[PDB]
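Some notes on the structure that comes next.
FYI, it's all coordinate maths here, none of it is from the lab. Positions of Cβ are backbone-derived with ideal geometry, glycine not excepted, and every protein chain shown enters the neighbour counts.
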């Protein structure tokens, strides 16, 4: 009832869904860093 | 056969090819295996996959 005993095909689907989420998160960290004011000013100085 | 172009030529061509691919959902027809212009397209898409 609580846990879902899940077949493999759908285990693969939840797995590569989670891969999509982790990759999209790190890309969103990257453009938050490169659109932060601090980083813009640091590259403009150098 | 394997070759090498100018570096700015590779960068400009790769960036433009990946933008032309993602703005319209184009299908790119390469020769598949990792040699030459297909290697350059693969390096261009490796530059693509880290950004957009």
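Given only helices, namely DSSP H runs of n ≥ 4 each adding -39500 (n - 2.57), what is the per-residue ellipticity at 222 nm of chain B, to the nearest 500 deg cm²/dmol?
On the way: 2 runs with 29 residues, N = 52.
So the calculated ellipticity at 222 nm is -18000 deg cm²/dmol.
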Given a cut-off of under 8 Å on Cα pairs at least six residues apart, what relative contact order in percent is computed for chain B? 46 percent
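Based on other C-beta atoms within 10 Å, arrange A:45, A:36 from fewest to most.
On the way: A:45 6, A:36 11.
So the ranking, lowest neighbour count to highest, is A:45, A:36.
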In degrees between 0 and 90, to the nearest 10, how far off the longest principal axis of chain B does helix B:7-22 point, with axes built from Cα atoms? 40 degrees
Out of every Cα pair in the protein assembly as shown, what percent are spaced more than 17 Å from each other? 70 percent
Note: chain B, point scatterers on Cα, Debye, no solvent; log10 I/I(0) at q = 0.18, 0.25, 0.32 Å⁻¹ equals -0.56, -1.04, -1.34
The residues B:35, B:24, sorted from fewest to most surrounding Cβ atoms within 10 Å, come out as B:24, B:35
The stretch B:23-47 and chain A: distance between their alpha carbon centers, rounded to Å: 25 Å
Using helices alone, what [θ] at 222 nm do you get for chain A, with -39,500 (n - 2.57) per DSSP H run of 4 or more residues, divided over all residues and rounded to the nearest 500? -26500 deg cm²/dmol
Could you pull the Cα extents of chain A along its three principal axes, largest to smallest, in whole Å? 57, 20, 9
